[PDB]
Structure formats: structure tokens, C-alpha cells
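Trainee: Sharing a structure with you now.
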Amino acid sequence: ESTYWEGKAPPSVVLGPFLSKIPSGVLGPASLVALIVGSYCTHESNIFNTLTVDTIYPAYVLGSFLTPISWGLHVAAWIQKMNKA
Amino acid sequence: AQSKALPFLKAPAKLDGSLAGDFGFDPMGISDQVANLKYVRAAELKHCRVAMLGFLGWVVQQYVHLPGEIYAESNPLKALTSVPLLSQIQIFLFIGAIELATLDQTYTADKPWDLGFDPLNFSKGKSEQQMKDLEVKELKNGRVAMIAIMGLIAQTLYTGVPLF
Amino acid sequence: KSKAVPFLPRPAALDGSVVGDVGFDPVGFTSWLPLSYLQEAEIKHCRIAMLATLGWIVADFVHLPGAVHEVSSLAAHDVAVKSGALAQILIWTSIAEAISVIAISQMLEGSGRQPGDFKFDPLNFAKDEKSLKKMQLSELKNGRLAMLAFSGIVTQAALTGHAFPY
Ligand code: CLA
Ligand SMILES: C/C(C=C=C1C(C)(C)C[C@H](O)C[C@@]1(C)O)=C/C=C/C(C)=C/C=C/C=C(C)/C=C/C=C(/C=C/[C@@]12O[C@]1(C)C[C@@H](O)CC2(C)C)CO
Ligand SMILES: CC(/C=C/C=C(C)/C=C/[C@@]12O[C@]1(C)C[C@@H](O)CC2(C)C)=C\C=C\C=C(C)\C=C\C=C(C)\C=C\[C@@]12O[C@]1(C)C[C@@H](O)CC2(C)C
Ligand SMILES: CC(/C=C/C=C(C)/C=C/[C@@]12O[C@]1(C)C[C@@H](O)CC2(C)C)=C\C=C\C=C(C)\C=C\C=C(C)\C=C\[C@@]12O[C@]1(C)C[C@@H](O)CC2(C)C
Ligand SMILES: CC(/C=C/C=C(C)/C=C/[C@@]12O[C@]1(C)C[C@@H](O)CC2(C)C)=C\C=C\C=C(C)\C=C\C=C(C)\C=C\[C@@]12O[C@]1(C)C[C@@H](O)CC2(C)C
């Protein structure tokens, strides 16, 4: 326990007992891939092609949800990297 | 493990031994919030008795009716509206008169379901094992009736056929 | 060090389990999740796939106690969700799975429930530990084979239209 921290990086326990054991070399590339996929899904559902009732595409929607997620994945990747993991 | 109904789960702490009909069936752990099992057992037994009477009335009204015309409706849910409000208010007042004294009784007593109702003295002379067996019979039959009366209500509301 | 993959080292979380531990985890999923949860998921997939493979094969051969059951287990899904059978099976499956959450949560927390154990042996096909371990290994091998077989069955029966050969 003791999620409180004062050093350079928080302890790996703040990532939960599922991300605490992911190597940073896995989280990092996974975070970048998720960010790219989410940005592309957002730019394909909107921006590049205007949205319409007949075109919603749960893949692009679910995808776009990987952009907010990506943020968390690379934050966890940095936390793991600084904690020698 | 300790549940007989769900042989894999362990029952909650308050489900043990006494209070016949205890088969360890409380997966959601509702018993963990109630201070005791007295009130919930009283409510379960009241539901069991009301459901037994409801199933019996459902079947009898399906087959037997009073001589008057106002009681000639075969569908119980349709008879709920066809029967004059006088009969229903009389039934409700009788139930409330029975219910107020038991309202004083239930929230404080050790056996709130024990209303002292035994006009035929079916329990006088019975041993403890026989009494517990009778309680188990009552609880079983009541649970089955509850399921059955809810099924009858649902099938009448969904198909209009009050029986079968 | 691994028994299944001689090149890669033995997985850290796989030492011995009567479920058929041959040390096959190249991606190290056992490090991610508790081994017990993965075992429960694998056994659930095994049983579902075995039932589904048997049902697909049988329902294409002899399944017509009525009119709406005159389908070829490929158009059966839509026809029988329209009929209402799949709704009932889903209701009971949902009840069983909702109970299974507590079973999975009672393990991973304490208790003694082995993964995939529901104490369902009404006919007592398994008697002692040796029979239990042997038949657990047999069940998991059959379930993996059934997973792959059902995958093949659906992929082939969607890549073409045919009977049992697919
Ligand atoms: C009014 C209904 C009612 C009530 C109050 C109780 C109350 C009780 N039962 Mg019980 N039971 C009922 C109906 C009810 N039962 C029915 C219908 C069955 C047959 C399946 C059973 C079968 C049963 C067994 C096998 C056991 C109990 C036990 C218990 C006791 C401990 C559990 C507890 O605290 O739960 C309190 C319960 C409630 C507060 C009810 C909450 C309402 C939920 C949310 C139901 C939601 C609807 C449901 C999912 C579907 C109904 C629709 C339709 C399909 C029927 C307690 C006295 C255990 C016991 O003897 O312990 C002493 C025990 O082993 N019951
Ligand atoms: C009356 C009727 C139909 C009809 C008729 C007549 C009157 C007869 C004749 C007329 O001519 C026509 C007609 C229509 O009227 C009968 C219908 C048939 C029935 C009643 C059979 C039901 C089938 C059961 C199935 C298919 C269940 C599948 C099992 C699963 C289990 C899932 C699990 O994942 C869970 C949840 C936990 C896991 O751990 C492991 C397992 C156990 C594998 C689903 O995966
Ligand atoms: C089924 C039922 C309750 C079921 C509750 C269940 C299963 C709960 C189970 C659990 O909580 C436990 C146990 C433990 C938890 O950890 C897990 C769950 C699973 C959550 C009550 C039925 C209750 C059924 C009742 C009360 C029946 C009442 C009958 C009445 C009101 C009379 C009606 C009539 O008068 C009219 C209206 C018109 C007349 O014509 C006809 C008649 C029939 C005469
Ligand atoms: C009535 C009953 C018991 C009544 C007992 C009474 C009043 C006893 C009272 C007394 O002992 C006391 C209290 C004290 C004693 O000193 C005095 C007396 C007076 C002697 C049990 C019913 C118990 C009733 C039960 C168990 C009913 C089960 C019903 C089922 C299964 C029905 C299923 C179906 O209805 C569906 C669901 C759908 C339909 O379409 C198809 C079918 C199949 C018809
Ligand atoms: C259903 C099944 C086993 C079911 C056993 C059950 C329910 C037993 C239950 C019980 O024991 C318990 C649990 C407890 C006991 O106390 C009580 C009972 C109730 C008795 C195995 C299926 C097992 C199913 C298997 C193994 C599937 C095999 C398929 C293979 C091998 C491949 C086939 C193909 O290659 C061809 C032939 C041609 C290609 O075109 C197509 C493909 C599909 C590719």
C-alpha cells in the first residue's frame, strides 16, 4: 500500500495489480499504438468524413475511446520505466 | 461449501443451524445487513402464507364462484376490477385490523412470525423435530407458491389465460 | 526450461497443475492475470466450445421436432432468436454467469474453490484424486480441441454452404 510518494516517480502500486506487472517496454509501444489507432478512428468517424446517422461505426467509436485511454497507458509506461520495470 | 442450495459458495455468517428452511441461500449477502433474521423470516413467512392463499384462490376462482353475479368473473385480474369496491375494502379493512396488532408485535418479538394461530391445535403434542419438519414444509410450500403465484400473474398479464 | 516450448524459458507462474501444465505461455499471460482466473476462463471456453461443436454437428444432421427447427445451424441463430428459444437460453445463462461472478470472486479472495469447479458430479464419474486429475486433463484437452474445431466449423460453414465436411 502507501500510494503516497515524494521521490521522482510514484511506486508501481498506484497502477493497480494489473498494470503494476506490465513491463514498460510493453506499455510504451502499446500506448503509442493505442494513441495512433484512436486518433485515426476519430479522424475517420469525423473530420475526414462528416458524421451521419447511417455512419456511426462502433469500431471507430470504440476506437476513439483508445485516445483517452492511451493517455493512461503511457502515463503508466513512464511510471513503470522510472521504477525499474 | 456450506450452502446446500449453492454447494459451491460459502454461506453468510447469519445462515446457520436453527431457523428451519436454512439452506445457505443468500448469495447477495442480504443477511449481512439485517441485525437478525427475525424480521426477514417474518416477512418471508407472511409472503409464503399470502402466496399459498393466493394460489388456492386463483385455482378456486378459476373453477368455483359464489352464487352472486358480481363474483362471476373467471379471470382473477379481471375480477379485481369487476368485483365491487365494497367487497375489496372490507377485505382490506379485515387485513389491516389483523395487521396493526401484528405491526406492534413484529418489530420487537423474538418470533414475529408466531402469531399464535393454531385453532385446530395441530402443534399441541408435537415434538421439536416434528415441529421443525412442519416449519420446513410450510416454508417449502410457500416458496413454491410464491413462484407459482407470480407466474400466474405474469401469464395472465401477458397472454390472458389465467391457468395453463 | 519449458516443456511445451523448448526454446523459450518455462513460465514463472506455471510449475504444477493437474489442468495440463506443460508450460505453454510464450506471451507470459500468467504474469498479467492470476493463474486461477485464466484457468476458470479456459475451462469455461472449453465447456462452451464442446457443447457448441456437438450441437452444431447434431443440429445439422437430426434436428427438426417442429417447423421452425428446419434450419442448417448457420441461419439457425437469427431464426431461433426470432422464435424466442435463444432468449430463454440467454436468460438462464445470464443467471448462471451472475452466480459465477460470486464463485470467481469467492476464489481469488480465499475459500478453496478450484478453477472451473462447480461440484457438479451427479453421476460420480470421478471417484478419487487420480481419476479427477486424469479427467481434468482429458476435459481440458477435449475442450481445446473443441475450441479449434468449432472455429474451423464456423469459418468453413461461412466460407461456403455445405454439410458435415464443411
Ligand atoms: C418476499 C420474498 C422473500 C423473502 C423476504 C425471503 C427471505 C429470506 N429467505 Mg427466501 N426465498 C424466496 C422468497 C423470499 N425469501 C423464494 C421465492 C424462494 C424460492 C426460490 C426462496 C428460497 C430460499 C432459500 C432456499 C433460503 C431462503 C432464505 C431466506 C432468509 C435469508 C435470506 C435473506 O435475508 O434474504 C432476504 C430476501 C429479500 C429481502 C428479498 C429481496 C428481493 C430480491 C431482490 C428478489 C428480486 C426478484 C427475484 C430476483 C426474481 C423474482 C421474480 C420471479 C422470477 C419470482 C430470509 C428470511 C435462507 C434461509 O432459510 O435463511 C434463514 C435459505 O436458505 N430463501
Ligand atoms: C418445447 C421445446 C421446443 C418446441 C416445440 C415442441 C412442442 C417440442 C414441438 C413443436 O412441434 C415445436 C415447438 C417449437 O413448439 C423445447 C426446447 C428445447 C430445450 C428446452 C432445450 C434447451 C437447450 C439448452 C441449451 C442449448 C443450453 C446451452 C448451454 C450453455 C451453457 C453455458 C455455460 O457457460 C455457462 C453459462 C457456464 C459455463 O461455466 C459453462 C456452460 C455450462 C457451458 C450455453 O452456452
Ligand atoms: C416470488 C416472490 C419473491 C421472490 C424473491 C426471491 C426469489 C429472492 C431471492 C433472493 O433474496 C434471496 C432469497 C437471497 C438473496 O441473497 C438472493 C436473492 C435471489 C435475491 C414473492 C412472491 C409473492 C407473491 C405474493 C405476495 C402473492 C400474493 C397474492 C395476492 C396479493 C392475491 C391476489 C388475488 O387477490 C387478487 C389480487 C385477485 C384475485 O382474483 C386473485 C387473487 C390471487 C386471490
Ligand atoms: C394452500 C396451502 C396451505 C394451506 C394451509 C392452511 C390454510 C392451513 C391452516 C391451518 O394450519 C394452520 C395455519 C393452523 C391450524 O391450527 C389450523 C389450520 C386452518 C388447519 C398450501 C399451498 C401450496 C401451494 C403450492 C405449493 C402451489 C404450487 C403451485 C404450482 C407449482 C403451480 C404451477 C402452475 O401455476 C403455474 C405456475 C402456471 C400454470 O399455468 C400451470 C401450473 C402448473 C398450474
Ligand atoms: C460435448 C462433449 C462432452 C459433453 C459431456 C457432458 C455434457 C457431460 C456432463 C456430465 O459429466 C458431467 C459434466 C458430470 C456427470 O456426473 C454428469 C454428466 C451430465 C453426464 C464433448 C464434445 C467434444 C467435441 C469435440 C472433441 C469436437 C471435435 C471436432 C473435431 C475433432 C473436428 C472436426 C472437423 O475435422 C472435421 C471432422 C471436419 C471438418 O470439416 C470440420 C472440423 C470441425 C474441423
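Naming scheme: A, B, ... for chains in displayed order of the C-alpha cells; residues 1 onward per chain; ligands 1 onward as shown.
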Using only C-alpha atoms and all ligand atoms, which protein or nucleic acid residues are at most 8 Å from ligand 3, as an MDAnalysis selection string?

Mentor: chainID B and resid 25:31 47:48 50:58 61 75:80 143 145:150

Trainee: Taking only C-alpha atoms into account, what are the residues of chain C at most 8 Å from chain B, put as a PyMOL selection string?

Mentor: chain C and resi 99+102-103+106+111+113+118-119

Trainee: Please determine the contact residues of chain A with respect to chain C at a cut-off of 12 Å, counting only C-alpha atoms, and supply them as a list in words.

Mentor: residues 16, 17, 18, 19, 20, 21, 22, 23 and 26 of chain A

Trainee: Would you save the residues of that selection, restricted to N, CA and C atoms, as a PDB file, in the first residue's frame?

Mentor:
```pdb
ATOM      1  N   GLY A  16      -2.339  -0.265  -9.996  1.00  0.00           N
ATOM      2  CA  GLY A  16      -3.228  -1.383  -9.805  1.00  0.00           C
ATOM      3  C   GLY A  16      -2.512  -2.701 -10.018  1.00  0.00           C
ATOM      4  N   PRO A  17      -3.069  -3.787  -9.477  1.00  0.00           N
ATOM      5  CA  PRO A  17      -2.400  -5.088  -9.608  1.00  0.00           C
ATOM      6  C   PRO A  17      -2.709  -5.766 -10.932  1.00  0.00           C
ATOM      7  N   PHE A  18      -2.741  -4.990 -11.995  1.00  0.00           N
ATOM      8  CA  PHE A  18      -2.729  -5.468 -13.370  1.00  0.00           C
ATOM      9  C   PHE A  18      -1.704  -4.727 -14.213  1.00  0.00           C
ATOM     10  N   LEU A  19      -1.557  -3.418 -14.005  1.00  0.00           N
ATOM     11  CA  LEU A  19      -0.517  -2.644 -14.668  1.00  0.00           C
ATOM     12  C   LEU A  19       0.779  -2.606 -13.878  1.00  0.00           C
ATOM     13  N   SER A  20       0.750  -2.982 -12.596  1.00  0.00           N
ATOM     14  CA  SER A  20       1.976  -2.999 -11.808  1.00  0.00           C
ATOM     15  C   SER A  20       2.975  -4.027 -12.315  1.00  0.00           C
ATOM     16  N   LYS A  21       2.525  -5.002 -13.106  1.00  0.00           N
ATOM     17  CA  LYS A  21       3.368  -6.099 -13.554  1.00  0.00           C
ATOM     18  C   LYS A  21       3.612  -6.084 -15.058  1.00  0.00           C
ATOM     19  N   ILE A  22       3.150  -5.057 -15.758  1.00  0.00           N
ATOM     20  CA  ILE A  22       3.430  -4.937 -17.191  1.00  0.00           C
ATOM     21  C   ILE A  22       4.804  -4.297 -17.362  1.00  0.00           C
ATOM     22  N   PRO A  23       5.711  -4.898 -18.128  1.00  0.00           N
ATOM     23  CA  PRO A  23       6.981  -4.223 -18.420  1.00  0.00           C
ATOM     24  C   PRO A  23       6.744  -2.930 -19.184  1.00  0.00           C
ATOM     25  N   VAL A  26       6.468  -2.975 -22.855  1.00  0.00           N
ATOM     26  CA  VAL A  26       5.180  -3.372 -23.412  1.00  0.00           C
ATOM     27  C   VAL A  26       4.190  -2.215 -23.374  1.00  0.00           C
TER      28      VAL A  26
END
```

Trainee: Using DSSP on the backbone coordinates, identify the residues of chain A assigned to alpha helix (DSSP H); present them as a PyMOL selection string.

Mentor: chain A and resi 16-19+24-45+58-64+66-82

Trainee: Write the selection just made, keeping N, CA and C atoms, as a compact mmCIF listing (two decimals), in the first residue's frame?

Mentor:
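Saved result, out17.txt, follows:
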```txt
# COMPACT_ATOMS: atom_id res chain seq x y z
N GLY A 16 -2.34 -0.26 -10.00
CA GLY A 16 -3.23 -1.38 -9.81
C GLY A 16 -2.51 -2.70 -10.02
N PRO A 17 -3.07 -3.79 -9.48
CA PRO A 17 -2.40 -5.09 -9.61
C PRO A 17 -2.71 -5.77 -10.93
N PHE A 18 -2.74 -4.99 -12.00
CA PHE A 18 -2.73 -5.47 -13.37
C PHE A 18 -1.70 -4.73 -14.21
N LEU A 19 -1.56 -3.42 -14.01
CA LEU A 19 -0.52 -2.64 -14.67
C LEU A 19 0.78 -2.61 -13.88
N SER A 24 7.60 -1.94 -18.92
CA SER A 24 7.47 -0.65 -19.60
C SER A 24 7.66 -0.79 -21.10
N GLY A 25 8.51 -1.73 -21.53
CA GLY A 25 8.69 -1.98 -22.95
C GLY A 25 7.45 -2.52 -23.63
N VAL A 26 6.47 -2.98 -22.85
CA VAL A 26 5.18 -3.37 -23.41
C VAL A 26 4.19 -2.22 -23.37
N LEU A 27 4.12 -1.50 -22.25
CA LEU A 27 3.16 -0.41 -22.11
C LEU A 27 3.45 0.73 -23.08
N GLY A 28 4.73 1.08 -23.26
CA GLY A 28 5.10 2.19 -24.10
C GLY A 28 4.62 2.05 -25.53
N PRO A 29 5.13 1.05 -26.24
CA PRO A 29 4.64 0.80 -27.60
C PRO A 29 3.14 0.57 -27.67
N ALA A 30 2.56 -0.10 -26.66
CA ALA A 30 1.11 -0.27 -26.64
C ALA A 30 0.41 1.07 -26.52
N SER A 31 0.94 1.97 -25.69
CA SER A 31 0.34 3.30 -25.56
C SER A 31 0.42 4.07 -26.86
N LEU A 32 1.58 4.02 -27.54
CA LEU A 32 1.71 4.72 -28.81
C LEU A 32 0.77 4.16 -29.86
N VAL A 33 0.66 2.83 -29.93
CA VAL A 33 -0.24 2.19 -30.88
C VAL A 33 -1.68 2.57 -30.59
N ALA A 34 -2.06 2.57 -29.31
CA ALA A 34 -3.43 2.93 -28.95
C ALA A 34 -3.72 4.39 -29.30
N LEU A 35 -2.76 5.28 -29.06
CA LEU A 35 -2.96 6.69 -29.41
C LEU A 35 -3.13 6.86 -30.91
N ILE A 36 -2.28 6.20 -31.70
CA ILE A 36 -2.37 6.32 -33.15
C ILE A 36 -3.70 5.76 -33.65
N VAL A 37 -4.10 4.59 -33.13
CA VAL A 37 -5.34 3.96 -33.55
C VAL A 37 -6.53 4.83 -33.18
N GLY A 38 -6.53 5.39 -31.97
CA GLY A 38 -7.63 6.24 -31.56
C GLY A 38 -7.72 7.53 -32.36
N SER A 39 -6.58 8.15 -32.64
CA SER A 39 -6.58 9.35 -33.47
C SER A 39 -7.10 9.04 -34.87
N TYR A 40 -6.67 7.92 -35.45
CA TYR A 40 -7.15 7.56 -36.77
C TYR A 40 -8.65 7.26 -36.76
N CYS A 41 -9.13 6.58 -35.72
CA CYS A 41 -10.56 6.28 -35.64
C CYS A 41 -11.38 7.56 -35.49
N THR A 42 -10.90 8.50 -34.68
CA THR A 42 -11.59 9.78 -34.54
C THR A 42 -11.59 10.54 -35.86
N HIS A 43 -10.45 10.55 -36.57
CA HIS A 43 -10.36 11.26 -37.83
C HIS A 43 -11.07 10.54 -38.97
N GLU A 44 -11.43 9.28 -38.79
CA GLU A 44 -12.20 8.58 -39.82
C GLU A 44 -13.69 8.68 -39.57
N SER A 45 -14.11 8.66 -38.30
CA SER A 45 -15.52 8.89 -37.99
C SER A 45 -15.92 10.33 -38.27
N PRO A 58 -19.28 1.48 -34.64
CA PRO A 58 -18.78 1.18 -33.29
C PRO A 58 -17.29 0.93 -33.21
N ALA A 59 -16.65 0.45 -34.28
CA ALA A 59 -15.20 0.30 -34.26
C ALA A 59 -14.50 1.65 -34.10
N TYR A 60 -14.92 2.64 -34.89
CA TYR A 60 -14.35 3.97 -34.76
C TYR A 60 -14.70 4.60 -33.42
N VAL A 61 -15.90 4.37 -32.94
CA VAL A 61 -16.26 4.89 -31.64
C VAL A 61 -15.47 4.22 -30.54
N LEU A 62 -15.56 2.91 -30.50
CA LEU A 62 -14.79 2.21 -29.52
C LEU A 62 -13.36 2.57 -29.71
N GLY A 63 -12.93 2.79 -30.93
CA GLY A 63 -11.55 3.08 -31.19
C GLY A 63 -11.22 4.37 -30.55
N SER A 64 -11.95 5.40 -30.96
CA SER A 64 -11.74 6.72 -30.40
C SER A 64 -11.62 6.66 -28.89
N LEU A 66 -9.80 4.83 -27.24
CA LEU A 66 -8.43 4.48 -27.00
C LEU A 66 -7.54 5.68 -26.90
N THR A 67 -8.01 6.84 -27.38
CA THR A 67 -7.26 8.08 -27.25
C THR A 67 -7.24 8.50 -25.78
N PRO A 68 -8.41 8.67 -25.15
CA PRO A 68 -8.35 8.96 -23.71
C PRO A 68 -7.54 7.90 -23.00
N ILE A 69 -7.78 6.63 -23.33
CA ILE A 69 -7.04 5.53 -22.70
C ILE A 69 -5.55 5.67 -22.92
N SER A 70 -5.14 5.81 -24.18
CA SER A 70 -3.73 5.99 -24.49
C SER A 70 -3.03 6.86 -23.46
N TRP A 71 -3.64 7.98 -23.09
CA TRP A 71 -3.07 8.86 -22.08
C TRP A 71 -2.74 8.03 -20.89
N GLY A 72 -3.64 7.19 -20.41
CA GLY A 72 -3.34 6.47 -19.18
C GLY A 72 -2.25 5.44 -19.38
N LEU A 73 -2.25 4.78 -20.54
CA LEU A 73 -1.27 3.74 -20.81
C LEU A 73 0.14 4.30 -20.83
N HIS A 74 0.35 5.45 -21.47
CA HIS A 74 1.72 5.95 -21.48
C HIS A 74 2.12 6.58 -20.15
N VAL A 75 1.16 7.11 -19.39
CA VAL A 75 1.49 7.54 -18.03
C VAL A 75 1.98 6.35 -17.22
N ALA A 76 1.27 5.22 -17.32
CA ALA A 76 1.70 4.00 -16.64
C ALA A 76 3.03 3.49 -17.18
N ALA A 77 3.27 3.65 -18.48
CA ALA A 77 4.54 3.23 -19.07
C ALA A 77 5.70 4.02 -18.48
N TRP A 78 5.53 5.34 -18.35
CA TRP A 78 6.57 6.15 -17.73
C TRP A 78 6.78 5.75 -16.27
N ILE A 79 5.68 5.51 -15.55
CA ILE A 79 5.79 5.13 -14.14
C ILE A 79 6.55 3.81 -14.01
N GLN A 80 6.25 2.84 -14.88
CA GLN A 80 6.96 1.57 -14.84
C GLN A 80 8.43 1.73 -15.22
N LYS A 81 8.72 2.57 -16.23
CA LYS A 81 10.10 2.76 -16.65
C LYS A 81 10.94 3.37 -15.53
N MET A 82 10.38 4.36 -14.83
CA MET A 82 11.14 5.01 -13.76
C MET A 82 11.29 4.12 -12.53
```

Trainee: Using only C-alpha atoms and all ligand atoms, which residues of the polymer chains come no farther than 7 Å from ligand 5? I'd like the answer as a list in words.

Mentor: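 Using only C-alpha atoms and all ligand atoms, everything at most 7 Å from ligand 5 comes to residues 50, 51, 53, 54, 120, 121, 122, 123, 124, 125, 142, 143, 145, 146, 149, 150, 152, 153, 164, 165 and 166 of chain C.
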
Trainee: Quick one: write out the picked residues with N, CA, C and O atoms as an mmCIF file, in the first residue's frame?

Mentor:
```cif
data_model
loop_
_atom_site.group_PDB
_atom_site.id
_atom_site.type_symbol
_atom_site.label_atom_id
_atom_site.label_comp_id
_atom_site.auth_asym_id
_atom_site.auth_seq_id
_atom_site.Cartn_x
_atom_site.Cartn_y
_atom_site.Cartn_z
ATOM 1 N N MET C 50 -17.121 -27.286 -26.475
ATOM 2 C CA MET C 50 -17.536 -28.677 -26.641
ATOM 3 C C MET C 50 -19.037 -28.772 -26.877
ATOM 4 O O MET C 50 -19.494 -29.438 -27.822
ATOM 5 N N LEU C 51 -19.823 -28.096 -26.032
ATOM 6 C CA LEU C 51 -21.269 -28.111 -26.215
ATOM 7 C C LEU C 51 -21.648 -27.557 -27.580
ATOM 8 O O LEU C 51 -22.509 -28.116 -28.266
ATOM 9 N N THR C 53 -19.806 -27.355 -30.423
ATOM 10 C CA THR C 53 -19.418 -28.229 -31.525
ATOM 11 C C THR C 53 -20.387 -29.394 -31.654
ATOM 12 O O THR C 53 -20.874 -29.699 -32.756
ATOM 13 N N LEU C 54 -20.703 -30.044 -30.529
ATOM 14 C CA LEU C 54 -21.655 -31.147 -30.581
ATOM 15 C C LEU C 54 -23.012 -30.671 -31.082
ATOM 16 O O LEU C 54 -23.643 -31.335 -31.911
ATOM 17 N N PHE C 120 -20.419 -30.287 -9.637
ATOM 18 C CA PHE C 120 -21.444 -30.926 -10.460
ATOM 19 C C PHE C 120 -20.905 -32.275 -10.923
ATOM 20 O O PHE C 120 -20.327 -32.400 -12.003
ATOM 21 N N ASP C 121 -21.083 -33.291 -10.083
ATOM 22 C CA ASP C 121 -20.795 -34.679 -10.446
ATOM 23 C C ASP C 121 -21.941 -35.556 -9.963
ATOM 24 O O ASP C 121 -21.772 -36.401 -9.078
ATOM 25 N N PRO C 122 -23.142 -35.370 -10.527
ATOM 26 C CA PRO C 122 -24.293 -36.157 -10.048
ATOM 27 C C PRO C 122 -24.135 -37.652 -10.253
ATOM 28 O O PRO C 122 -24.592 -38.440 -9.417
ATOM 29 N N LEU C 123 -23.496 -38.069 -11.344
ATOM 30 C CA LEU C 123 -23.308 -39.484 -11.636
ATOM 31 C C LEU C 123 -22.007 -40.037 -11.072
ATOM 32 O O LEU C 123 -21.762 -41.243 -11.196
ATOM 33 N N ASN C 124 -21.176 -39.189 -10.462
ATOM 34 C CA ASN C 124 -19.935 -39.615 -9.812
ATOM 35 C C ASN C 124 -19.023 -40.365 -10.781
ATOM 36 O O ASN C 124 -18.562 -41.476 -10.507
ATOM 37 N N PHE C 125 -18.767 -39.747 -11.937
ATOM 38 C CA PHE C 125 -17.849 -40.346 -12.900
ATOM 39 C C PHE C 125 -16.415 -40.332 -12.388
ATOM 40 O O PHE C 125 -15.625 -41.215 -12.737
ATOM 41 N N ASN C 142 -9.844 -32.058 -24.531
ATOM 42 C CA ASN C 142 -11.020 -32.126 -25.390
ATOM 43 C C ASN C 142 -11.604 -30.743 -25.634
ATOM 44 O O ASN C 142 -12.070 -30.445 -26.737
ATOM 45 N N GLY C 143 -11.583 -29.879 -24.618
ATOM 46 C CA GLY C 143 -12.123 -28.541 -24.782
ATOM 47 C C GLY C 143 -11.296 -27.675 -25.711
ATOM 48 O O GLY C 143 -11.843 -26.894 -26.490
ATOM 49 N N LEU C 145 -9.398 -28.883 -28.169
ATOM 50 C CA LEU C 145 -9.687 -29.440 -29.483
ATOM 51 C C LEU C 145 -11.040 -28.964 -29.990
ATOM 52 O O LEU C 145 -11.194 -28.660 -31.175
ATOM 53 N N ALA C 146 -12.028 -28.874 -29.097
ATOM 54 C CA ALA C 146 -13.358 -28.429 -29.494
ATOM 55 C C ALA C 146 -13.374 -26.946 -29.832
ATOM 56 O O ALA C 146 -14.111 -26.524 -30.728
ATOM 57 N N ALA C 149 -11.915 -26.853 -33.259
ATOM 58 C CA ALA C 149 -12.834 -27.495 -34.187
ATOM 59 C C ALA C 149 -14.039 -26.617 -34.485
ATOM 60 O O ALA C 149 -14.474 -26.531 -35.636
ATOM 61 N N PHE C 150 -14.609 -25.975 -33.465
ATOM 62 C CA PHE C 150 -15.737 -25.086 -33.702
ATOM 63 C C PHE C 150 -15.314 -23.862 -34.494
ATOM 64 O O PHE C 150 -16.070 -23.376 -35.345
ATOM 65 N N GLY C 152 -12.987 -23.831 -36.763
ATOM 66 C CA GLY C 152 -12.951 -24.326 -38.128
ATOM 67 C C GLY C 152 -14.334 -24.519 -38.715
ATOM 68 O O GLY C 152 -14.573 -24.192 -39.878
ATOM 69 N N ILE C 153 -15.267 -25.040 -37.916
ATOM 70 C CA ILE C 153 -16.612 -25.318 -38.415
ATOM 71 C C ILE C 153 -17.297 -24.027 -38.841
ATOM 72 O O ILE C 153 -17.880 -23.949 -39.926
ATOM 73 N N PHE C 164 -21.679 -31.643 -42.969
ATOM 74 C CA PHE C 164 -20.658 -32.049 -42.002
ATOM 75 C C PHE C 164 -19.211 -31.912 -42.481
ATOM 76 O O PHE C 164 -18.361 -31.484 -41.691
ATOM 77 N N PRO C 165 -18.864 -32.291 -43.719
ATOM 78 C CA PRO C 165 -17.494 -31.997 -44.182
ATOM 79 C C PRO C 165 -17.137 -30.521 -44.123
ATOM 80 O O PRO C 165 -16.005 -30.182 -43.758
ATOM 81 N N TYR C 166 -18.077 -29.637 -44.457
ATOM 82 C CA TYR C 166 -17.867 -28.185 -44.446
ATOM 83 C C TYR C 166 -16.662 -27.750 -45.277
ATOM 84 O O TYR C 166 -15.529 -27.707 -44.795
#
```

Trainee: Which residues sit within 6 Å of ligand 2, counting only C-alpha atoms and all ligand atoms, listed as a ChimeraX atom specification?

Mentor: /C:44,47-48,65-66,89,93,96-97

Trainee: Please, could you write that set of residues out with C-alpha atoms as a PDB file, in the first residue's frame?

Mentor:
```
ATOM      1  CA  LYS C  44     -15.465 -22.057 -19.403  1.00  0.00           C
ATOM      2  CA  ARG C  47     -17.095 -26.445 -21.961  1.00  0.00           C
ATOM      3  CA  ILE C  48     -18.864 -23.879 -24.154  1.00  0.00           C
ATOM      4  CA  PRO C  65     -39.076 -31.606 -33.811  1.00  0.00           C
ATOM      5  CA  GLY C  66     -41.194 -28.912 -35.442  1.00  0.00           C
ATOM      6  CA  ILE C  89     -31.157 -19.871 -23.048  1.00  0.00           C
ATOM      7  CA  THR C  93     -27.042 -18.466 -18.985  1.00  0.00           C
ATOM      8  CA  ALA C  96     -25.661 -18.934 -14.151  1.00  0.00           C
ATOM      9  CA  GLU C  97     -22.959 -16.406 -15.053  1.00  0.00           C
TER      10      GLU C  97
END
```

Trainee: For ligand 1, collect every residue having any atom at a distance of at most 8 Å from a ligand atom (counting only C-alpha atoms and all ligand atoms); output as a count of residues only.

Mentor: 40

Trainee: What is the distance between atom CA of residue 139 of chain B and atom 14 (C, counted along the ligand's line) of ligand 4, in Å to one decimal?

Mentor: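 Rounded to one decimal, the two atoms are 14.0 Å apart.
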